[PDB]
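Structure first, then comments.
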Amino acid sequence: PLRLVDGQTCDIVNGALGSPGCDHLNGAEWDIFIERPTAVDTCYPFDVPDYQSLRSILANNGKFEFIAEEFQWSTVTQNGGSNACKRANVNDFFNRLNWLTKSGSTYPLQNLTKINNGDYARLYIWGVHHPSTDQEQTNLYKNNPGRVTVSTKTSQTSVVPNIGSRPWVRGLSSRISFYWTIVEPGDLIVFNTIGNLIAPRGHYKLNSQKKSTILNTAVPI
Amino acid sequence: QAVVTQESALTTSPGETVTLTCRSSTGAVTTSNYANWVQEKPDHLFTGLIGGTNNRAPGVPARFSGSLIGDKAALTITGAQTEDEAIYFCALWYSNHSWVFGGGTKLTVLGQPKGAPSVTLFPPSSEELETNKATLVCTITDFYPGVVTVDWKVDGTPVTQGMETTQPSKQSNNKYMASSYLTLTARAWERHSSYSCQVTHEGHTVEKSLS
Amino acid sequence: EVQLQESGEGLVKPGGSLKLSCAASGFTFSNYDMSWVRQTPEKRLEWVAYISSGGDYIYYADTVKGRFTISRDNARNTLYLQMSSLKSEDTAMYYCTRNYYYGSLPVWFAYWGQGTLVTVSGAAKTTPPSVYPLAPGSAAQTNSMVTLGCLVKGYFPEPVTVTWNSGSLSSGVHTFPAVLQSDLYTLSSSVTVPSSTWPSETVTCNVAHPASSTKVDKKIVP
């Protein structure tokens, strides 16, 4: 019958973000997405303001075809890692996300621009890290307060981090708020931050006709 | 500071809509406080109801819903059934401290018919008398609503000493049970003749006696 | 399904030490966060410990910090709580806790254990119960439903567990709460059986008192 993909332990989002153990959903194509009720988070604790909306785009798109891009980030330390997101115990992070931190107490104002002139739509998923204390904010991103402002030709979005102590998840009180931005052909995107940017490593390919759907079941076909 | 207050008790009837609230003393209740709702079924049976202010736990029936009412948290029961009759606890996470639990709201679904207690009086056993001690046991069971009054009488005279009465308790079938004990020495057990236990419930009084 | 049960109930004296354990099953224990919550006799709930899925991050409240030490053995699926320097006001039923994060935000304290009672006050010694029976005596033949009984007098500490006929008798067992006789607890329970039944066959009372390692059985003689 149909082409069903089982998330098993990785949910629709953790597969898009690339949390540890979720490599098996990379390159996967499906018509229906089996979101098991037994799924668990396995990386840094996060939250998606429109979790139901973002979860919808991933399920409806019908494919996890990630495409790489090189952002020449300025002087920030790239490939950050934390012990709540261990893969093979390597302190790790989302394999689709890039955590940027200051190098020698110098986090510079960034300004990168990525253009789509192709024949597919691009899905940029990025985040904003919310430090727990103003000392943790400074130890990671020198400047205070933080700033993230991702823009297109028709959409300007600006996120201001909320510093504070949240409930303990994997023994951690900080959080990362994940957002998304869709860049249609002819449009472009502009990352601009002075701190707290959970930068992306690329974009997913979007189908112009999205016929897939999601399910939350119990067994394989 | 950091004191969570919620209603002491609420009462309702089947099919109606009830709203339980949870106020924070530190100020307004915010999404960032992460209101949690727990239900205590009798015999220390706890089950988590609502987390993240509004997210509904897996096994929870859809009639439950949690939201934010002004500066408070709120648990709304839409179409309450008799099995909603339990104590509902609140939990707010205050960054500073941590989870702090409210007094809890005891919810009563008004339903079961007026029940008369089945009273029974038991004498002291020979094994106990071998220890020169004696304890009458009056067992009150299967009554509703939940209030009784126990008076003891020994040889016509009412007893005002050595009588020990328990608090009313729920049963399996949502009816009530209660108990009271009268402890005296074996010598005083022979030194009297008539012992009676009188359960005054809803005015009507039921007694069981022996001799 | 997901299932937690506490163990280690006992009486300790103030200033001593007691260790609680929680046997976990129904999920991969090493991937989830655990906490301990207690309930004082005043029916209030209070959080006392938290431990990460890997034990790296542990947190306590000010009420027990420095005194309580939480641990877990991910290879056996066992949650521990080492209590020490105990005070009177620690007396509570100690519950195993865990949450459930799936639909967007999580649900803290979803799934609770049965809770095991710990009595901080050392005012009295662990005194096992004497099990005395409760018989009609005045065979009135009022109705077919005759009522048997069982007295569990002067025991300490809580709790006792009365069960009839080793588990066969389950219809309306009605175990009443205990009281405080002088310094010790007394408790009773009464089962109802048909009048044709009690002349015919034996009903026996099974009284188990864990804290004093006593399980007494008492046959009711008329």
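Naming works like this for the structure tokens: A, B, ... for the chains as they're shown, residue 1 at the start of each chain, ligands 1 onward in shown order.
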Next item on the list: Could you please tell me, as a ChimeraX atom specification, which residues of chain B have an atom within 9 Å of chain A when using only C-alpha atoms?
Entry: /B:32-34,93-96,98-99
Suppose we keep N, CA, C and O atoms; can you now write the selection as a short mmCIF file (atom, residue, chain, number, x, y, z; two decimals), in the first residue's frame?
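New file selection09.cif:
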```cif
data_model
loop_
_atom_site.label_atom_id
_atom_site.label_comp_id
_atom_site.auth_asym_id
_atom_site.auth_seq_id
_atom_site.Cartn_x
_atom_site.Cartn_y
_atom_site.Cartn_z
N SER B 32 5.12 30.90 32.30
CA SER B 32 6.45 30.57 32.79
C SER B 32 6.44 29.88 34.15
O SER B 32 7.49 29.37 34.56
N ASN B 33 5.31 29.88 34.86
CA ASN B 33 5.25 29.18 36.14
C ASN B 33 4.97 27.69 35.97
O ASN B 33 5.23 26.92 36.90
N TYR B 34 4.44 27.29 34.81
CA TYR B 34 4.20 25.88 34.47
C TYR B 34 3.30 25.21 35.51
O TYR B 34 3.72 24.40 36.33
N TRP B 93 6.12 26.42 39.45
CA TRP B 93 7.53 26.38 39.60
C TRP B 93 8.02 27.73 39.70
O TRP B 93 7.87 28.46 38.79
N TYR B 94 8.61 28.06 40.82
CA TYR B 94 9.15 29.37 41.01
C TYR B 94 10.61 29.26 40.83
O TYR B 94 11.21 28.53 41.56
N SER B 95 11.17 29.98 39.88
CA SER B 95 12.58 29.93 39.62
C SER B 95 13.42 29.91 40.84
O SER B 95 14.34 29.14 40.96
N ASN B 96 13.17 30.92 41.64
CA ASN B 96 13.90 31.11 42.84
C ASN B 96 13.96 29.78 43.54
O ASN B 96 15.01 29.16 43.54
N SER B 98 11.47 26.20 43.92
CA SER B 98 11.17 25.14 43.01
C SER B 98 9.75 24.83 43.10
O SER B 98 8.96 25.64 43.45
N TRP B 99 9.38 23.62 42.84
CA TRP B 99 7.96 23.36 42.89
C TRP B 99 7.43 23.52 44.28
O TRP B 99 8.02 23.07 45.22
#
```
Kindly provide the residues of chain A that approach chain C to within 12 Å, each paired with its closest atom pair and their distance in Å to one decimal, based on only C-alpha atoms, listed by chain and increasing number, as CSV.
```
residue,atom,partner,partner_atom,distance
A:9,CA,C:102,CA,11.6
A:10,CA,C:102,CA,11.4
A:11,CA,C:102,CA,9.2
A:12,CA,C:102,CA,11.5
A:13,CA,C:104,CA,10.5
A:14,CA,C:102,CA,11.6
A:35,CA,C:102,CA,10.9
A:36,CA,C:102,CA,10.4
A:37,CA,C:102,CA,8.0
A:38,CA,C:102,CA,8.6
A:39,CA,C:102,CA,7.5
A:40,CA,C:102,CA,7.1
A:41,CA,C:101,CA,8.1
A:42,CA,C:31,CA,8.2
A:43,CA,C:31,CA,11.1
A:45,CA,C:105,CA,10.4
A:46,CA,C:105,CA,9.4
A:47,CA,C:104,CA,7.2
A:48,CA,C:104,CA,7.6
A:49,CA,C:104,CA,8.9
A:50,CA,C:104,CA,9.1
A:51,CA,C:104,CA,6.3
A:52,CA,C:104,CA,8.0
A:53,CA,C:104,CA,11.3
A:54,CA,C:104,CA,11.2
A:55,CA,C:104,CA,10.1
A:83,CA,C:56,CA,9.2
A:84,CA,C:54,CA,9.1
A:85,CA,C:54,CA,11.6
A:86,CA,C:54,CA,10.9
A:89,CA,C:54,CA,11.2
A:167,CA,C:108,CA,9.4
A:168,CA,C:52,CA,8.2
A:169,CA,C:33,CA,7.3
A:170,CA,C:52,CA,5.3
A:171,CA,C:57,CA,4.9
A:172,CA,C:57,CA,7.7
A:173,CA,C:57,CA,10.5
A:216,CA,C:103,CA,11.2
```
Taking N, CA and C atoms for each residue, export the selection above as an mmCIF file, in the first residue's frame.
```cif
data_model
loop_
_atom_site.group_PDB
_atom_site.id
_atom_site.type_symbol
_atom_site.label_atom_id
_atom_site.label_comp_id
_atom_site.auth_asym_id
_atom_site.auth_seq_id
_atom_site.Cartn_x
_atom_site.Cartn_y
_atom_site.Cartn_z
ATOM 1 N N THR A 9 11.872 6.238 17.949
ATOM 2 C CA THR A 9 12.294 7.013 19.107
ATOM 3 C C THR A 9 12.442 8.490 18.804
ATOM 4 N N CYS A 10 12.718 8.840 17.556
ATOM 5 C CA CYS A 10 12.807 10.227 17.151
ATOM 6 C C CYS A 10 11.444 10.716 16.700
ATOM 7 N N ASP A 11 11.014 11.844 17.247
ATOM 8 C CA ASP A 11 9.757 12.429 16.817
ATOM 9 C C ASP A 11 9.977 13.244 15.546
ATOM 10 N N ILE A 12 8.891 13.822 15.035
ATOM 11 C CA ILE A 12 8.961 14.543 13.767
ATOM 12 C C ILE A 12 9.951 15.697 13.860
ATOM 13 N N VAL A 13 10.010 16.350 15.019
ATOM 14 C CA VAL A 13 10.845 17.533 15.177
ATOM 15 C C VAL A 13 12.292 17.143 15.437
ATOM 16 N N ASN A 14 12.520 16.270 16.426
ATOM 17 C CA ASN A 14 13.875 15.808 16.706
ATOM 18 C C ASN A 14 14.531 15.228 15.462
ATOM 19 N N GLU A 35 4.313 8.704 13.944
ATOM 20 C CA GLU A 35 4.864 9.262 15.175
ATOM 21 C C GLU A 35 4.496 8.361 16.344
ATOM 22 N N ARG A 36 5.456 7.607 16.849
ATOM 23 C CA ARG A 36 5.148 6.681 17.924
ATOM 24 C C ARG A 36 4.841 7.446 19.210
ATOM 25 N N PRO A 37 3.855 6.999 19.994
ATOM 26 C CA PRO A 37 3.558 7.676 21.266
ATOM 27 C C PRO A 37 4.640 7.481 22.297
ATOM 28 N N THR A 38 5.580 6.585 22.027
ATOM 29 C CA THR A 38 6.654 6.229 22.934
ATOM 30 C C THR A 38 7.916 7.046 22.690
ATOM 31 N N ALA A 39 7.847 8.062 21.832
ATOM 32 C CA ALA A 39 9.025 8.840 21.482
ATOM 33 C C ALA A 39 9.511 9.665 22.670
ATOM 34 N N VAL A 40 10.793 10.029 22.620
ATOM 35 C CA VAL A 40 11.444 10.773 23.690
ATOM 36 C C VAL A 40 12.395 11.790 23.077
ATOM 37 N N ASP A 41 12.593 12.898 23.786
ATOM 38 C CA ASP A 41 13.647 13.831 23.428
ATOM 39 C C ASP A 41 14.989 13.262 23.866
ATOM 40 N N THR A 42 16.034 13.561 23.093
ATOM 41 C CA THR A 42 17.351 13.012 23.390
ATOM 42 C C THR A 42 18.468 14.039 23.262
ATOM 43 N N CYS A 43 18.149 15.325 23.193
ATOM 44 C CA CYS A 43 19.154 16.365 23.014
ATOM 45 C C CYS A 43 18.844 17.500 23.985
ATOM 46 N N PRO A 45 17.165 20.500 25.850
ATOM 47 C CA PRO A 45 15.750 20.851 25.998
ATOM 48 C C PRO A 45 15.423 22.119 25.225
ATOM 49 N N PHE A 46 14.290 22.093 24.529
ATOM 50 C CA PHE A 46 13.884 23.203 23.684
ATOM 51 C C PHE A 46 12.373 23.348 23.739
ATOM 52 N N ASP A 47 11.869 24.348 23.022
ATOM 53 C CA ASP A 47 10.437 24.535 22.852
ATOM 54 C C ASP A 47 10.209 25.266 21.538
ATOM 55 N N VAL A 48 9.146 24.892 20.843
ATOM 56 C CA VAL A 48 8.763 25.514 19.578
ATOM 57 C C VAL A 48 7.462 26.264 19.819
ATOM 58 N N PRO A 49 7.451 27.599 19.733
ATOM 59 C CA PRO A 49 6.209 28.347 19.996
ATOM 60 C C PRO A 49 5.007 27.813 19.238
ATOM 61 N N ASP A 50 5.142 27.608 17.935
ATOM 62 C CA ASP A 50 4.119 26.922 17.149
ATOM 63 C C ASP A 50 4.566 25.497 16.843
ATOM 64 N N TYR A 51 4.712 24.704 17.908
ATOM 65 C CA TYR A 51 5.085 23.307 17.727
ATOM 66 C C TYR A 51 4.111 22.599 16.800
ATOM 67 N N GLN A 52 2.816 22.886 16.937
ATOM 68 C CA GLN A 52 1.834 22.232 16.085
ATOM 69 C C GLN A 52 1.917 22.722 14.647
ATOM 70 N N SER A 53 2.310 23.979 14.442
ATOM 71 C CA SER A 53 2.450 24.487 13.084
ATOM 72 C C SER A 53 3.720 23.963 12.429
ATOM 73 N N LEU A 54 4.844 24.004 13.150
ATOM 74 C CA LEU A 54 6.090 23.500 12.584
ATOM 75 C C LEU A 54 6.025 21.994 12.367
ATOM 76 N N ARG A 55 5.458 21.262 13.329
ATOM 77 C CA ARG A 55 5.251 19.830 13.151
ATOM 78 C C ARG A 55 4.406 19.543 11.921
ATOM 79 N N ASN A 83 26.374 18.594 27.482
ATOM 80 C CA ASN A 83 26.291 17.231 27.990
ATOM 81 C C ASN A 83 24.861 16.710 28.099
ATOM 82 N N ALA A 84 23.853 17.545 27.847
ATOM 83 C CA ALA A 84 22.490 17.039 27.762
ATOM 84 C C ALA A 84 22.166 16.482 26.386
ATOM 85 N N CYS A 85 23.041 16.697 25.407
ATOM 86 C CA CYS A 85 22.811 16.262 24.037
ATOM 87 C C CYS A 85 23.989 15.406 23.585
ATOM 88 N N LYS A 86 24.248 14.334 24.327
ATOM 89 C CA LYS A 86 25.360 13.447 24.011
ATOM 90 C C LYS A 86 24.951 12.418 22.966
ATOM 91 N N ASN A 89 28.097 9.566 23.647
ATOM 92 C CA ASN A 89 28.643 10.278 24.798
ATOM 93 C C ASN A 89 29.508 11.462 24.392
ATOM 94 N N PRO A 167 12.257 24.896 34.771
ATOM 95 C CA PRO A 167 12.314 23.546 35.343
ATOM 96 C C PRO A 167 13.450 22.730 34.745
ATOM 97 N N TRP A 168 13.930 21.767 35.524
ATOM 98 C CA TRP A 168 15.097 20.987 35.137
ATOM 99 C C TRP A 168 14.702 19.885 34.161
ATOM 100 N N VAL A 169 15.239 19.956 32.946
ATOM 101 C CA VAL A 169 15.100 18.911 31.939
ATOM 102 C C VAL A 169 16.507 18.459 31.572
ATOM 103 N N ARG A 170 16.779 17.163 31.750
ATOM 104 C CA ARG A 170 18.133 16.618 31.635
ATOM 105 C C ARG A 170 19.090 17.352 32.569
ATOM 106 N N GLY A 171 18.490 17.837 33.642
ATOM 107 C CA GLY A 171 19.251 18.544 34.673
ATOM 108 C C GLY A 171 19.632 19.911 34.200
ATOM 109 N N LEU A 172 18.901 20.464 33.240
ATOM 110 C CA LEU A 172 19.298 21.811 32.773
ATOM 111 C C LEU A 172 18.133 22.786 32.877
ATOM 112 N N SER A 173 18.415 24.017 33.291
ATOM 113 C CA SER A 173 17.350 25.037 33.373
ATOM 114 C C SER A 173 17.354 25.970 32.161
ATOM 115 N N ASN A 216 -0.061 9.022 14.669
ATOM 116 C CA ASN A 216 0.482 8.808 16.016
ATOM 117 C C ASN A 216 -0.121 7.492 16.553
#
```
Margin query: Please report the interatomic distance between CA of residue 5 (chain A) and CA of residue 30 (chain A) in Å with one decimal.
Written below: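 Atom-to-atom, CA of residue 5 (chain A) to CA of residue 30 (chain A), that is 5.7 Å.
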Next item on the list: Please report, as an NGL selection string, each residue of region 43-167 of chain C to which DSSP assigns strand (DSSP E) when run on this structure's backbone.
Entry: :C and (45-51 or 58-60 or 69-73 or 78-84 or 92-98 or 100-101 or 106-107 or 116-119 or 130-134 or 145-155 or 161-164)
Check: From the set A:189, A:144, A:102, A:67, which residue has the shortest atom-to-atom contact distance to residue 203 (chain A), counting only C-alpha atoms?
Finding: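 That would be A:67, the residue with the smallest distance to residue 203 (chain A).
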Margin query: So that I can see what lies close to residue 13 (chain B), please list as JSON, numbers by chain the residues with an atom at most 7 Å from it, counting only C-alpha atoms and leaving out residues fewer than 2 positions away in the same chain.
Written below: {"B": [15, 16, 109, 110, 111]}
Deliver the residues from the most recent selection as a file, using N, CA and C atoms, as a PDB file, in the first residue's frame.
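out-v4.pdb written:
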```
ATOM      1  N   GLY B  15     -22.486  16.088  35.288  1.00  0.00           N
ATOM      2  CA  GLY B  15     -22.847  16.776  34.072  1.00  0.00           C
ATOM      3  C   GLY B  15     -22.544  18.259  34.057  1.00  0.00           C
ATOM      4  N   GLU B  16     -22.354  18.876  35.218  1.00  0.00           N
ATOM      5  CA  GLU B  16     -22.104  20.305  35.282  1.00  0.00           C
ATOM      6  C   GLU B  16     -20.643  20.609  34.965  1.00  0.00           C
ATOM      7  N   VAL B 109     -18.693  15.190  44.054  1.00  0.00           N
ATOM      8  CA  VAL B 109     -19.804  15.077  43.118  1.00  0.00           C
ATOM      9  C   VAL B 109     -21.017  14.629  43.924  1.00  0.00           C
ATOM     10  N   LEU B 110     -22.009  15.508  44.041  1.00  0.00           N
ATOM     11  CA  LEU B 110     -23.226  15.182  44.776  1.00  0.00           C
ATOM     12  C   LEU B 110     -24.045  14.182  43.975  1.00  0.00           C
ATOM     13  N   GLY B 111     -24.214  12.974  44.504  1.00  0.00           N
ATOM     14  CA  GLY B 111     -24.968  11.987  43.759  1.00  0.00           C
ATOM     15  C   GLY B 111     -25.636  10.885  44.553  1.00  0.00           C
TER      16      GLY B 111
END
```
Next item on the list: Using only C-alpha atoms, determine which residues lie at most 8 Å from residue 13 (chain C), disregarding the query and same-chain residues fewer than 4 positions distant; provide the list as a list in words.
Entry: residues 86, 120, 121, 122 and 123 of chain C
Margin query: Taking only C-alpha atoms into account, name the residue in B:40, B:7, B:155, B:190 that is nearest to chain C.
Written below: B:40
Checklist line | Those in region 21-90 of chain C with helix (DSSP H, G or I) from DSSP, as a PyMOL selection string | finding: chain C and resi 29-31+88-90
Using only C-alpha atoms, which chain C residues lie at most 7 Å away from chain B, written as a short mmCIF file (atom, residue, chain, number, x, y, z; two decimals) with N, CA, C and O atoms, in the first residue's frame?
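In the end it all went to part31.cif:
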```
data_model
loop_
_atom_site.label_atom_id
_atom_site.label_comp_id
_atom_site.auth_asym_id
_atom_site.auth_seq_id
_atom_site.Cartn_x
_atom_site.Cartn_y
_atom_site.Cartn_z
N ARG C 44 -0.15 17.78 53.15
CA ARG C 44 0.46 18.73 52.27
C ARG C 44 1.51 18.05 51.47
O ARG C 44 2.11 17.14 51.95
N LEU C 45 1.73 18.48 50.24
CA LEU C 45 2.74 17.90 49.36
C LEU C 45 3.97 18.79 49.32
O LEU C 45 3.87 20.02 49.35
N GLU C 46 5.14 18.16 49.23
CA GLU C 46 6.41 18.88 49.29
C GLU C 46 7.46 18.12 48.49
O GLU C 46 7.65 16.92 48.69
N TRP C 47 8.14 18.83 47.59
CA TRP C 47 9.18 18.24 46.75
C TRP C 47 10.50 18.25 47.51
O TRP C 47 10.84 19.25 48.15
N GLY C 103 3.55 15.95 24.29
CA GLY C 103 2.85 16.92 23.43
C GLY C 103 3.28 18.31 23.79
O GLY C 103 2.73 18.83 24.76
N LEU C 105 4.84 20.89 25.58
CA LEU C 105 5.37 20.92 26.97
C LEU C 105 5.09 19.62 27.72
O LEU C 105 4.24 18.84 27.36
N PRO C 106 5.83 19.39 28.80
CA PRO C 106 5.72 18.18 29.57
C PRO C 106 4.71 18.29 30.69
O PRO C 106 4.17 19.32 30.86
N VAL C 107 4.49 17.19 31.40
CA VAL C 107 3.60 17.06 32.55
C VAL C 107 4.48 16.57 33.69
O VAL C 107 4.90 15.40 33.70
N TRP C 108 4.78 17.45 34.63
CA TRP C 108 5.55 17.04 35.79
C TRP C 108 4.67 16.19 36.71
O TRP C 108 3.46 16.40 36.82
N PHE C 109 5.30 15.21 37.36
CA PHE C 109 4.65 14.38 38.36
C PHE C 109 3.49 13.57 37.79
O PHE C 109 2.52 13.27 38.49
N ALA C 110 3.56 13.22 36.51
CA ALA C 110 2.67 12.23 35.93
C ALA C 110 3.30 10.87 36.18
O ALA C 110 4.46 10.65 35.81
N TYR C 111 2.53 9.97 36.81
CA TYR C 111 2.95 8.65 37.28
C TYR C 111 3.58 8.75 38.67
O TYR C 111 4.71 9.24 38.82
N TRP C 112 2.86 8.28 39.68
CA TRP C 112 3.31 8.28 41.06
C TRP C 112 3.38 6.85 41.58
O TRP C 112 2.64 5.97 41.13
N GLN C 114 3.22 4.03 44.88
CA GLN C 114 2.27 3.80 45.96
C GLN C 114 2.64 4.54 47.24
O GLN C 114 1.77 4.75 48.09
N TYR C 132 -6.38 -9.80 68.16
CA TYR C 132 -7.52 -10.38 68.86
C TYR C 132 -8.73 -10.43 67.93
O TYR C 132 -8.93 -9.50 67.13
N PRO C 133 -9.53 -11.48 67.98
CA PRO C 133 -10.66 -11.61 67.06
C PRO C 133 -11.87 -10.82 67.53
O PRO C 133 -11.94 -10.34 68.67
N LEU C 134 -12.84 -10.69 66.63
CA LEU C 134 -14.12 -10.04 66.92
C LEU C 134 -15.23 -10.94 66.41
O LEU C 134 -15.39 -11.11 65.20
N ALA C 135 -16.00 -11.52 67.34
CA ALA C 135 -17.06 -12.45 67.02
C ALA C 135 -18.42 -11.89 67.44
O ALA C 135 -18.49 -11.04 68.33
N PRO C 136 -19.50 -12.33 66.80
CA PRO C 136 -20.84 -11.90 67.21
C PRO C 136 -21.14 -12.13 68.69
O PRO C 136 -21.42 -11.18 69.42
N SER C 138 -23.60 -12.70 70.37
CA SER C 138 -25.06 -12.66 70.44
C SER C 138 -25.59 -13.07 69.07
O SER C 138 -25.93 -12.24 68.23
N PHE C 176 -11.05 -0.20 58.73
CA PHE C 176 -11.20 1.11 59.34
C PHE C 176 -9.84 1.71 59.68
O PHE C 176 -8.87 0.98 59.90
N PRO C 177 -9.74 3.04 59.72
CA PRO C 177 -8.48 3.67 60.13
C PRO C 177 -8.16 3.38 61.58
O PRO C 177 -9.04 3.08 62.40
N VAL C 179 -6.45 4.29 65.43
CA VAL C 179 -6.49 5.38 66.39
C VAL C 179 -5.20 5.34 67.21
O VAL C 179 -4.33 4.51 66.97
#
```
Next item on the list: Using only C-alpha atoms, determine which residues lie at most 12 Å from residue 143 (chain C), disregarding the query and same-chain residues fewer than 3 positions distant; provide the list as a ChimeraX atom specification.
Entry: /B:118 /C:139-140,146-147,192-196
Just write the chosen residues, N, CA, C and O atoms, as a PDB file, in the first residue's frame.
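Wrote out.pdb, looks like this:
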```
ATOM      1  N   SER B 118     -25.063   0.528  58.906  1.00  0.00           N
ATOM      2  CA  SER B 118     -25.246  -0.823  59.432  1.00  0.00           C
ATOM      3  C   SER B 118     -24.326  -0.961  60.641  1.00  0.00           C
ATOM      4  O   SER B 118     -23.120  -1.181  60.497  1.00  0.00           O
TER       5      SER B 118
ATOM      6  N   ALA C 139     -25.638 -14.389  68.852  1.00  0.00           N
ATOM      7  CA  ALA C 139     -26.068 -14.961  67.575  1.00  0.00           C
ATOM      8  C   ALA C 139     -27.549 -14.656  67.369  1.00  0.00           C
ATOM      9  O   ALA C 139     -28.437 -15.460  67.668  1.00  0.00           O
ATOM     10  N   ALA C 140     -27.818 -13.466  66.829  1.00  0.00           N
ATOM     11  CA  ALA C 140     -29.189 -12.988  66.700  1.00  0.00           C
ATOM     12  C   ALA C 140     -29.893 -13.489  65.445  1.00  0.00           C
ATOM     13  O   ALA C 140     -31.128 -13.494  65.415  1.00  0.00           O
ATOM     14  N   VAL C 146     -24.058 -12.043  58.313  1.00  0.00           N
ATOM     15  CA  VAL C 146     -23.370 -11.927  59.594  1.00  0.00           C
ATOM     16  C   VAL C 146     -22.023 -11.252  59.371  1.00  0.00           C
ATOM     17  O   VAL C 146     -21.414 -11.373  58.302  1.00  0.00           O
ATOM     18  N   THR C 147     -21.552 -10.524  60.379  1.00  0.00           N
ATOM     19  CA  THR C 147     -20.339  -9.725  60.268  1.00  0.00           C
ATOM     20  C   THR C 147     -19.263 -10.261  61.200  1.00  0.00           C
ATOM     21  O   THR C 147     -19.465 -10.318  62.419  1.00  0.00           O
ATOM     22  N   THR C 192     -18.231  -9.193  55.884  1.00  0.00           N
ATOM     23  CA  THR C 192     -19.612  -9.644  55.981  1.00  0.00           C
ATOM     24  C   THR C 192     -19.803 -10.904  55.146  1.00  0.00           C
ATOM     25  O   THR C 192     -19.493 -10.910  53.950  1.00  0.00           O
ATOM     26  N   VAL C 193     -20.318 -11.960  55.768  1.00  0.00           N
ATOM     27  CA  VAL C 193     -20.514 -13.238  55.080  1.00  0.00           C
ATOM     28  C   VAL C 193     -21.917 -13.736  55.377  1.00  0.00           C
ATOM     29  O   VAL C 193     -22.529 -13.353  56.390  1.00  0.00           O
ATOM     30  N   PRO C 194     -22.472 -14.592  54.516  1.00  0.00           N
ATOM     31  CA  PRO C 194     -23.838 -15.072  54.746  1.00  0.00           C
ATOM     32  C   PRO C 194     -23.951 -15.943  55.990  1.00  0.00           C
ATOM     33  O   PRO C 194     -22.997 -16.597  56.416  1.00  0.00           O
ATOM     34  N   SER C 195     -25.154 -15.930  56.574  1.00  0.00           N
ATOM     35  CA  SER C 195     -25.410 -16.663  57.811  1.00  0.00           C
ATOM     36  C   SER C 195     -25.235 -18.158  57.617  1.00  0.00           C
ATOM     37  O   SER C 195     -24.780 -18.854  58.530  1.00  0.00           O
ATOM     38  N   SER C 196     -25.595 -18.671  56.441  1.00  0.00           N
ATOM     39  CA  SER C 196     -25.364 -20.079  56.161  1.00  0.00           C
ATOM     40  C   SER C 196     -23.879 -20.395  56.132  1.00  0.00           C
ATOM     41  O   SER C 196     -23.490 -21.551  56.329  1.00  0.00           O
TER      42      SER C 196
END
```
Check: How many Å lie between CA of residue 24 (chain C) and CA of residue 113 (chain C), rounded to one decimal?
Finding: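 The value is 9.5 Å.
Candidate residues C:169, C:43, C:153, C:119 were compared for distance to residue 106 (chain B), and the nearest is C:43, using only C-alpha atoms.
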When you look at region 149-160 of chain A with a cut-off of 9 Å (counting only C-alpha atoms), what residues show up, excluding the ones that are within fewer than 3 positions of it in the same chain? I need them as a tab-separated table (two decimals) with N, CA and C atoms, in the first residue's frame.
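Once everything was written out, this is part.tsv:
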```tsv
chain	number	residue	atom	x	y	z
A	128	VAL	N	17.00	30.27	19.35
A	128	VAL	CA	17.48	31.33	20.23
A	128	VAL	C	17.70	30.72	21.60
A	145	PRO	N	22.07	42.72	26.35
A	145	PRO	CA	21.30	41.49	26.18
A	145	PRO	C	21.61	40.78	24.87
A	146	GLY	N	20.92	39.67	24.62
A	146	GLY	CA	21.07	38.97	23.36
A	146	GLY	C	20.17	39.55	22.29
A	181	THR	N	11.75	29.63	9.20
A	181	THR	CA	11.56	30.67	8.19
A	181	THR	C	11.62	30.01	6.83
A	182	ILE	N	10.58	30.21	6.02
A	182	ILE	CA	10.47	29.60	4.71
A	182	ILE	C	10.84	30.62	3.65
A	183	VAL	N	11.78	30.27	2.79
A	183	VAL	CA	12.29	31.17	1.77
A	183	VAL	C	11.88	30.61	0.41
A	187	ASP	N	13.20	34.91	-3.00
A	187	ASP	CA	13.36	35.53	-1.69
A	187	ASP	C	14.73	35.19	-1.11
A	188	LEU	N	15.08	35.86	-0.02
A	188	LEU	CA	16.35	35.64	0.64
A	188	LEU	C	16.17	35.79	2.14
A	189	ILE	N	17.23	35.45	2.88
A	189	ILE	CA	17.19	35.41	4.34
A	189	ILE	C	18.43	36.10	4.89
A	190	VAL	N	18.28	36.76	6.04
A	190	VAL	CA	19.36	37.54	6.64
A	190	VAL	C	19.43	37.24	8.13
A	191	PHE	N	20.45	36.49	8.54
A	191	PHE	CA	20.70	36.30	9.96
A	191	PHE	C	21.52	37.45	10.51
A	192	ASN	N	21.13	37.93	11.69
A	192	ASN	CA	21.76	39.11	12.28
A	192	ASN	C	21.63	38.99	13.79
A	193	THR	N	22.76	38.89	14.49
A	193	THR	CA	22.69	38.66	15.92
A	193	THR	C	23.87	39.31	16.62
A	196	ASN	N	23.18	34.73	21.39
A	196	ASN	CA	22.10	33.76	21.61
A	196	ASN	C	21.59	33.10	20.33
```
